[PDB]
Amino acid sequence: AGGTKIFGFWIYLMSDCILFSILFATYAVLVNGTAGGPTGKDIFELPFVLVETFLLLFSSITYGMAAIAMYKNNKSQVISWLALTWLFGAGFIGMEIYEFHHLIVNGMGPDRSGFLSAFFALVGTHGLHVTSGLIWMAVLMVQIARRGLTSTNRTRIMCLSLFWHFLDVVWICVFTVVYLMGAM
Amino acid sequence: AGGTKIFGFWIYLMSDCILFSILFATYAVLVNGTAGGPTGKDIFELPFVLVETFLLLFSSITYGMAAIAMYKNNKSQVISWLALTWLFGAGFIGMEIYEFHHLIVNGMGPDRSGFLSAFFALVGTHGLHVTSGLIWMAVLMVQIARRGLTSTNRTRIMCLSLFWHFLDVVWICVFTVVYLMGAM
Amino acid sequence: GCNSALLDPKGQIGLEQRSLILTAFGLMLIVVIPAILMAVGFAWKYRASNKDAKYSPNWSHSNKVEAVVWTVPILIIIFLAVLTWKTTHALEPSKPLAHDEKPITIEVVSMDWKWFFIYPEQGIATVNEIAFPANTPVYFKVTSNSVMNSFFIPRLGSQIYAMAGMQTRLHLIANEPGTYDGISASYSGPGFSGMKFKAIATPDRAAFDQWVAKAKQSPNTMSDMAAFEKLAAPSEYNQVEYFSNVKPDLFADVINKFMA
Amino acid sequence: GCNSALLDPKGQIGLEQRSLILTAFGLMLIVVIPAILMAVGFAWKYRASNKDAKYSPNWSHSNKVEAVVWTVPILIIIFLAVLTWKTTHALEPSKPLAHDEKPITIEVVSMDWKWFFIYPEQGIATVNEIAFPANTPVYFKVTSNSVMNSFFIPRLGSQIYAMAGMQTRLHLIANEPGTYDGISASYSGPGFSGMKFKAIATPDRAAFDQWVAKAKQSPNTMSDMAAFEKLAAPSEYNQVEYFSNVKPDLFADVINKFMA
Amino acid sequence: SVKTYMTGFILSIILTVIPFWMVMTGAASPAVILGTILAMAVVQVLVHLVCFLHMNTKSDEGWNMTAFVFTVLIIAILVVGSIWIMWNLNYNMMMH
Amino acid sequence: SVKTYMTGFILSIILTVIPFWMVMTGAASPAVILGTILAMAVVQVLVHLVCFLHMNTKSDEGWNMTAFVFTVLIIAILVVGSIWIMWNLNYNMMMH
Amino acid sequence: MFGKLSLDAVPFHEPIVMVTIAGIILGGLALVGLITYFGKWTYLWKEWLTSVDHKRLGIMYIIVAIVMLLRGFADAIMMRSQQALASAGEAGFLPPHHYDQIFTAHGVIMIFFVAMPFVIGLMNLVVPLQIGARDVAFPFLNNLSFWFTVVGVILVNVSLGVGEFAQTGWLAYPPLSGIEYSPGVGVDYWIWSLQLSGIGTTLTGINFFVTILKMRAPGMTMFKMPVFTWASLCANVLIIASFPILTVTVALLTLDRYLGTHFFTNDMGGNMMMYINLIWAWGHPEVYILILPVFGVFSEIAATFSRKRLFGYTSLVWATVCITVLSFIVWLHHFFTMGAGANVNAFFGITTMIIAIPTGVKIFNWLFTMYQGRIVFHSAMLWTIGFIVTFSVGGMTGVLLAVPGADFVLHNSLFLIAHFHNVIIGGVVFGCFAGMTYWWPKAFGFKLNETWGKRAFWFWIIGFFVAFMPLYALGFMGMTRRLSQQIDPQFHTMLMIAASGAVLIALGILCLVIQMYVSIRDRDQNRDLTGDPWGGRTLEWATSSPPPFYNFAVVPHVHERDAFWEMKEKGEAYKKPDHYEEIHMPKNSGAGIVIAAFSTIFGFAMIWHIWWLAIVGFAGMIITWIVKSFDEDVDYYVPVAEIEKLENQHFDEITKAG
Ligand code: HEO
Ligand code: HEM
Ligand SMILES: [Cu+2]
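Residues numbered from 1 in each chain as written, not as in the entry; some residues may be left out. Chains lettered and ligands numbered in written order. Part of a larger assembly, values for the part shown. Heavy atoms only, no water.

## Some words on the UniProt feature "transmembrane region" in chain A
Per the UniProt entry, the sites bearing "transmembrane region" are residues 12-30, 47-65, 82-100, 123-141 and 165-183 of chain A in this numbering. A helix fraction of 100% and a strand fraction of 0% characterise residues 123-141 of chain A, whose end C-alpha atoms lie 27 Å from each other. (UniProt positions renumbered as here; feature names shortened; annotations may be inferred. Helix = DSSP H or I, 4+ residues; strand = E, 2+ residues; numbered from the N terminus.)

If you want it as structure tokens, here you go:
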């Protein structure tokens, strides 16, 4: 039963891979779109992106430890690891929201240029994906606290593992293409 | 037992297909090779090639009738059809030898130009192939007359069928590429 | 239609395109006609009613039949693809025509629900009309002042798109003098039906010079962007108009309006 | 070799070729070095003598290992193939060099077991020696009077073939003035070892004009095909020779000898 | 059977007669007179193989056909490659 | 196991630190600074998938992997196609 | 109540839209009245409105597709009448402001809400039965997908009632559909309708792709499935790999329209061309999603009615796989006239021409399936023969259009409309009606009236020829698409002939309705007793003509290609199992309709800029999803008694009929 659901979620992640590849192509076409506006070199702070990358990687490792603990048939360990993963994810989302607020207030919003619009679209799509993952972690933790480690709960944890690791892979591609290559 | 021998002869014919394709490529490269000498339009007589094609096709049909007669377990019919096929093949070889003699005597031999050399090579290779087929028919008929329709004889007849039909296919390609296209 | 716009063209490009259409039609017929013929033949000959018809309820694969089925389409596609490559590389609108006469440059700005044309060498402007001498190459530089449009003269030959802040190149030559219809092949809005103009292929140069002189006598002038914007007001079924004085670089300014 | 002909070149084309060699070397090392290291590592660590080594006599497939094995070669070949395409399209010998100075045309006829050079613009001929000013593009038109040869100056850059009745184009520029060795890279017969010449990249133009004037003082002249054929006699280890007067179209006549 | 051989013979007669008659009379544009004769030749090639040709066992109907298909791909590589390479090598040595 | 996750974590730290340090300092030619970071990213992409990513059943080890491979070919078609088409479409509309 | 919505949003003045709204609302009121009078509200709620069951959702897709076909064809009639009147130098009765709305709405409805619902209906109806499964992998996901499609349909219909619809064509090209040139709310209707429909279709694709691979009957290998299952798997692969492109493209356009970004604007460095590429990157796979399953249907029919085994099974499956692979590298053939380089145009032309070979192979396999078989002239077989004849000409015109040289003058001309309508009517709707008449007994337990079916088929084919053959000539004459006013009189005659064709197709549609009515009226005389009306090869015909909510009492064991045909040949087709076992089944869920209602509210609020209502709708969707994620009582167990009773009833029917 779990196998079919996990395979279905894997096919959904492949669909989501196509979804993100289209945004990547759109950004690549509109990378030089900006006219009389800020460029990649002018606004991208590399230390901020490095801190974001390390915190999301810490989130991935903590969730992995949660999956190992679930294989170890322990509830408290899984709850603690999920809490730490959610805290790291919340920190990452906080930094992304702060960066977007700073860009918008300084009159560099998505309505300024094609380049800024494409940048906002891609990073925003990743942001909504990560916040969906965070809401899923919240509902999964409140379900574990009142139901325990059941077959359905194990299947949900495996699906969320696939989702979270996929998001980290997408973020690797994002910082490689958008942030790091732009600031070159 | 017959299956393995027939399959082996089929693979040999595929090797021979590669052999003839190399000569075709060589002729195609050296088609305009002739310098201060006869061209395709100047020497190719289309009626002669039409008579050659019809006589070789008659050879193929008669040999097919021989194969049908062999399936009908009749000796005399197979002998008669093989004799008629050999006569048609001998006629075809006669016309080819006459054409080569006429070309050589008129000072248009293979030592005159690249085009004439390539033409001689391809048509000569086909000629030696057909005369090998004729010698094979001669030995096969003299074997049938003194041994009858045995398993070995049936296998040899099938192999010679494959060989002869392959030669007719090669001649179709030859008159299409060399004779008919040249005279265009 | 025997007397159709595409099957009886007046331009050269039209003639090669018609020849290509007919050759393609011929090549596809050799496979399509047998398909329909065999469909009707097998429907009629092998119906349930017939008793003499051969019944084969276990013959479910044939190597010969499969080989024949696969081969002929492959060969037809190979020949038509070689023809496609040759024609596509030989009928690119962004390619100058091979002719003795020097090409005449026409700039085509596509306003909302109307057509605007500029002769920079002659220094004149027209609305919903063009003119050029017969048997002379014509070089169209096409852009859109607004929403995407499609410059198209069916009889002369190939069409092209007009997009904001982008210049697209096209070449057309007329073999026979006369009047030809020109439309838009891209829906631009309510007044899209309105977009209609006439191409006059004059018998000789002298008629073209007379037409240019007549356009030069227009009281109206297009010297500034303000006049261009005043004309560019949303209007429907605009009549043929003429403008004597034209800014040396108007097409450039129209493109640079969108900073591209 | 650090001070090698190819790893310490003096020509531009040599410099891009050395850079390309080093980049390719670097890209292939990232996969090759681990292969040899793992070979030695698995030979030593997992020998029959070791008892602590993990034994897996049924682990015969791994999806992770197979994915890793397939992926890295594919990526390395993709990057090096993109580099290969760019460099190959940018280092074609049949491509004029981008430089301010006008290229100097040298014709290279490859006689049996010797090298012949013609300066048509300067109207001089040489045997087993060339000269050209430094930081100036040189345009070689190379053909063979006989059996296939290979024109090659290792320090300057790329080589080419010399074939009977066929002109082949090459471009070379020298960044540093001096004397460079030139050989044949195609075995032409017993005297193939003999084929050796010197390329003199003069510090300035004036030295090149002095060399041209010195060649002009040669008592010998190459005005007719009879003199060319007399020189073209089979000879071995031919010394450096000069010829003052040259037929305006000698290279053309040498090619047309084979009617091509 | 005799029927398939007779059908092949008739199709071969037609696909040999038509190209010969077309070329000897110049009944069309040279492009058409080339394309159509090549098409009829390859069909006529297929005609002889489809009818006259027969394999006794029929046992490796999958196999023998696979061998035939592979023998083609190699020819389509070698001939086209040689023609293309020599076209390029002849275009790059002309006195220009 | 914990071992494979820790190994993945260490490799991820290295493959994230090196590109960042290289870009911020301009330690090489821009061509190298692009090629090497792309290589490390795709390796680092593989690193996360090889170690952190893990399937429970492992049952369709043939299948799940086939799905992953196909999802790539489509991306390599769409992204490269879009970039190439837009490069050509932008080169053909410049004021020349 | 807030935002752009007001008393001026409803068109009081325009009579045509008001009489259309009156017709729709009186129809709805009459249907509600009839349902209330018969008191079938409860039955529909527990058995139809909220059913995980695949057969019910399939039948409901068929119902939605049929009812939307009427609106689509009404728009077609109105456009054809307007063109005919405008050709005669008359002002006509449809202003451009209404004609643009009509053709855009017609395109959107007939592509998204007529073809796809019917095709996915057929998939839900037969695919789980054919593979020998009891249900789909994700039943609740299937129910949610149905309700999302219904939400899209509701938004498109209510667009007429309040505000207006998009006037930018059925694909909404960027510069016209931008906020600068389209200030109306129609483009928002288009955006949100297609977004929610796309989400539904993506979920459907994932569901079917998992179901086909994972829940096959034991002993049925991949190369032993019926061809329709192969075609369905290929179509679902295309859906999964394609629909994200549409989702992202529409999301980018709505970001441009709402937050004033510059993705596709003509200024501030926006690249408008990008949108076209992206939409066509999604556009061309979509059409194969419409054409792959129907091919399967015809294959199935070709197997059933020729009374012989299907020809070239391996060739057919390899051809459909080749079509699936090639349908991603050909999209640029939509805009050769954009002005891309000769290299790109030639390459895309060649690769678009290449995909023709597998379709030809499939047509020839069907022809040789009819070669030496006993053909019965049933409605389905007539549909198949008509499909072959029409689709051959359609494909011919298509490969002709795929050449860039021909495309440089035939692009956006009525030749293109003749092509796409020709191939759609030939393949999609023909396969739809063929499947509907072929699988009707497996959905209701009685057969369709053959006389009315044959009349409808003849009317459809003759009407289609008469209506669309003149469009080829008009395309040749240089008349372009989407012309409304002052049409050149030289195009009058052909258009008049087209008008005649239109009314012929109308009669066909009327015939179809009458057929269904009489088929419902005389159900007691045309019942399918044995469960095998036409002697079908596949497992679906093993069950009773009303299939139980559990497809099979015992999951069948398969050893060969045609399972049911081999079972009949061996003489073990109807054998009583020794004992029946308790069957695990999923419960009916009511959360699908709640999520659908919340999504409808969210979409409507987004269109009319009612921000608080949109937030309420989105929060409602997420809260309903989270709440349904809590409860665990989602499945139950069917006892041995009920299974034994139904099986005994079915076997008694077999014995009495046999
Ligand atoms: C059912 C719907 C559907 C399907 C499956 C197809 C599939 C095809 N389409 Fe039609 N298309 C369809 C409906 C449309 N197509 C379109 C766009 C479109 C365009 C671009 C429009 C333009 O250039 O202006 C071309 C050239 C064609 C041609 C074809 C071809 C060659 C195929 C092929 O994939 C299949 C063709 C079938 C064949 C070829 C079978 C016949 C062959 C036989 C029997 C063998 C004979 C052998 C040979 C011909 C070699 N399609 C559009 C966009 C309209 C718009 O712009 O809004 C629509 C709606
Ligand atoms: C049943 C008979 C049908 C008729 C008589 C019909 C008629 C028409 C007409 C007249 C047009 C406008 C063409 C023009 O611009 O001049 C049109 C457009 C269109 N039709 Fe249909 N149609 C029919 C069925 C279908 C079906 C079944 C579909 C889809 C599966 C479909 C899809 C379209 C599309 C996509 C357009 C283009 C809309 C646009 O240009 O924006 N049609 N139809
Ligand atoms: Cu298409």
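Let's pick the thread back up.
## As for the nonpolar core
Judged by nonpolar contacts, the single largest core of 328 residues is most densely connected at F119 of chain A together with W190 and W366 of chain G. Among the elements that take part in this core, helix α9 (residues 272-305) of chain G stands out by supplying 23 residues, more than any other. Looking at this core, you find at least three residues from each of domain 1 (12-90) and domain 2 (104-257) of chain C. In this structure, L56, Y63, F100 and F175 of chain B belong to the second largest nonpolar core, which totals 66 residues. (Core = buried A, V, L, I, M, F, W, Y, C linked by side-chain atoms within 4.5 Å. Buried < 20%, exposed > 50% of the residue type's maximum accessible area, 1.4 Å probe, protein only. Domains from an automatic or database assignment.)

## A short note on the interface of chain B and chain E
You'll often see interface size given as the accessible area lost when the parts meet. Between chain B and chain E, the residue contacts involve 36 residues of the former and 39 residues of the latter. Contact between chain B and chain E buries roughly 3,400 Å² in total, counting both sides, with carbon and sulfur atoms accounting for 88%. Three residues stand out in chain B for area buried against chain E, namely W10, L180 and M184 of chain B, and they jointly supply 16% of the buried area on that side. Between chain B and chain E we count zero salt bridges in total. Secondary-structure elements contributing two or more residues to the side of chain B that touches chain E are α1 (2-29), α3 (46-71) and α6 (151-183) of chain B. Per-element tally for the side of chain B that touches chain E: the top contributor is α3 of chain B, with 13 residues. Broken down by class, the residue content of the side of chain B that touches chain E amounts to 28 nonpolar, seven polar and one charged. (Contact = heavy atoms within 4.5 Å. Buried area = accessible area lost by both parts, 1.4 Å probe. Salt bridge = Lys/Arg side-chain N within 4 Å of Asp/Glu carboxyl O. Nonpolar A, V, L, I, M, F, W, Y, C, P; charged D, E, K, R; others polar.)

## Here we look at the packing of aromatic side chains
Evaluated as defined, the whole model comprises 129 aromatic pairs over all chains. For the pair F223 of chain G and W230 of chain G, a centre-to-centre distance of 5.6 Å together with 85 degrees between the ring planes defines the contact as edge-to-face. Between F263 of chain G and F264 of chain G, the aromatic rings sit 6.3 Å apart at their centres with planes inclined by 50 degrees, giving tilted as the arrangement. Comparing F263 of chain G with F264 of chain G shows no difference in burial state: the two are buried. An aromatic cluster is defined as three or more aromatic residues linked by ring pairs; in this entry it consists of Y27, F44, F92, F100, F115, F119, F120, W171 and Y179 of chain A. Cation over ring: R374 of chain G sits above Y55 of chain C, and NZ or CZ is 4.9 Å from the ring centre. (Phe/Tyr/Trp six-rings, centres within 6.5 Å; stacked < 30°, edge-to-face > 60°. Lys NZ or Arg CZ within 6 Å of the ring centre and 35° of its normal.)

## Topic: the coordination of the iron atom of ligand 2
Residues and elements named next belong to chain G. For the iron atom of ligand 2, the protein coordination sphere consists of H106 (NE2) and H421 (NE2), at 2.0 to 2.6 Å. Coordination at the iron atom of ligand 2 comes from six donor atoms whose angles at the metal span 70 to 173 degrees, giving a geometry best classed as irregular. A residue pair is termed long-range when its members are at least 10 positions apart, and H106 in helix α4 (residues 96-130) and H421 in helix α15 (residues 414-438) qualify at 315 residues. Take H106: its relative accessible area is 9%, and that puts it in the buried class. (Donors = N, O, S within 2.8 Å, 3.2 Å for Na, K, Ca; no water. Tetrahedral: all angles 85-135°; square planar, octahedral: opposite > 155°, others 65-115°.)

## Things to note about the site of ligand 1
Around ligand 1, 30 residues are found, and the nearest of them are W170, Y288, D407, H411 and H419 of chain G. The environment of ligand 1 is shared, with nearby residues belonging to chains C and G. One nitrogen or oxygen atom from the side chain of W170 of chain G is found 2.9 Å from an oxygen atom belonging to ligand 1. Interatomic distance of 2.4 Å between a side-chain N/O atom of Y288 of chain G and an oxygen atom of ligand 1. Secondary-structure elements contributing two or more residues to the shell around ligand 1 are α1 (12-45) of chain C together with α9, α12 (356-369), α13 (379-402) and α15 of chain G. For the shell around ligand 1, the residue count by class is 20 nonpolar, eight polar and two charged. (Near = heavy atom within 4 Å. Polar contact = N/O pair within 3.5 Å; in protein donor to acceptor, adjacent residues only side chain to side chain.)

## Remarks on the pairing of strand β10 (residues 196-202) of chain D
Within a regular strand, the side chains alternate between the two sheet faces. Residues and elements named next belong to chain D. One ladder, built from five bridges, connects strand β4 (residues 129-133) with β10; its direction is parallel. Paired with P133 across the bridge in β10 is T202. As judged from the six bridges shared by strand β9 (residues 178-184) and β10, these two strands associate in the antiparallel manner. Bridging from a neighbouring strand, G182 pairs with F197 of β10. (Pairing = 2+ DSSP bridges.)

## Digging into the interface of chain C and chain G
Listed by partner, the interface residues are 75 residues for chain C and 80 residues for chain G. Roughly 7,300 Å² is buried in total at the junction of chain C and chain G, and carbon and sulfur atoms are behind 70% of that figure. The interface formed by chain C and chain G includes zero salt bridges. The interface formed by chain C and chain G holds 22 residue pairs in polar contact in total. Of all the secondary-structure elements, those providing two or more residues to the side of chain C that touches chain G are α1, α2 (63-90), β7 (160-162) and β9 (178-184) of chain C. Of the residues that constitute the side of chain C that touches chain G, the class distribution is 48 nonpolar, 19 polar and eight charged.

## Observations regarding the coordination of the iron atom of ligand 1
All names here are of chain G. The protein gives the iron atom of ligand 1 a lone donor atom, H419 (NE2), placed 2.0 Å from the metal. Between the iron atom of ligand 1 and the copper ion (ligand 3) the interatomic distance comes to 5.3 Å. Here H419 is to be found in helix α15.

## Overview of the UniProt feature "transmembrane region" in chain E
Residues and elements named next belong to chain E. In the UniProt entry, the feature "transmembrane region" is given for residues 5-23, 33-51 and 68-86. The span residues 5-23 carries 100% helix and 0% strand; its end-to-end C-alpha distance comes to 27 Å. Note that residues 68-86 is 100% helix and 0% strand, and that its end C-alpha atoms are spaced 27 Å apart.

## Quick word on α13 of chain G
Compared with an ideal rise of 1.5 Å per residue, which puts 24 residues at 34 Å, α13 of chain G spans 33 Å between its outermost C-alpha atoms and is within 8% of the ideal. Among the 24 residues that make up α13 of chain G, 22 are buried, leaving the element largely enclosed by the rest of the structure. (Expected span 1.5 Å × (residues − 1).)

## Topic: the sheet that holds β9 of chain D
All names here are of chain D. A sheet is described by the order of its strands in space; here five strands give the open sequence β4-β10-β9-β6-β7, paired in mixed fashion. Edge positions in the open sheet fall to β4 and β7 (160-162), since each of these has one partner strand only. The sheet shows a mean angle of 25 degrees between the axes of neighbouring strands, direction not considered. Both strand β6 (residues 149-152) and β9 contribute to a ladder of two bridges, which runs antiparallel. Across the sheet, the residue bridging to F152 is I183, located in β9. (Axes fitted to C-alpha atoms, helices over the stretch in contact; angles between N-to-C directions.)

## A look at the site of ligand 2
Residues and elements named next belong to chain G. Surveying the vicinity of ligand 2 reveals 21 residues, the closest of which are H106, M110, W170, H421 and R482. Contact distances for ligand 2 include 2.4 Å between a nitrogen atom and a side-chain N or O atom of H421. Only α3 (54-87), α4, α15 and α17 (450-477) provide two or more residues apiece to the shell around ligand 2. Its residues placed into classes, the shell around ligand 2 shows 13 nonpolar, five polar and three charged.

## Let's talk about the state of the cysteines
According to the stated counting rule, one finds zero disulfides over all chains in the structure shown. Its sulfur unpaired, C159 of chain A is 15 Å from the next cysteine sulfur, which belongs to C17 of chain A. (Disulfide = S-S within 2.5 Å.)

## A closer look at the sheet that holds strand β3 (residues 124-127) of chain C
Paired through their backbone hydrogen bonds, the strands of a sheet run either parallel or antiparallel. Residues and elements named next belong to chain C. Spatial strand order, β8-β5-β1-β2-β3-β11: six strands in an open sheet with mixed pairing. Only two strands of the sheet have a single partner each, and these edge strands are β8 (168-172) and β11 (241-243). Along the sheet, successive strands turn relative to each other by an average axial angle of 25 degrees, direction set aside. Two strands pair when backbone bridges link them, and strand β5 (residues 138-144) and β8 are joined in this way by five bridges, in the antiparallel orientation. The partner of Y139 across the bridge, within β8, is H171. Across the sheet, helix α3 (residues 205-216) touches β1 (104-110), β2 (116-119), β3 and β11, and the angle it forms with β3 is around 85 degrees.

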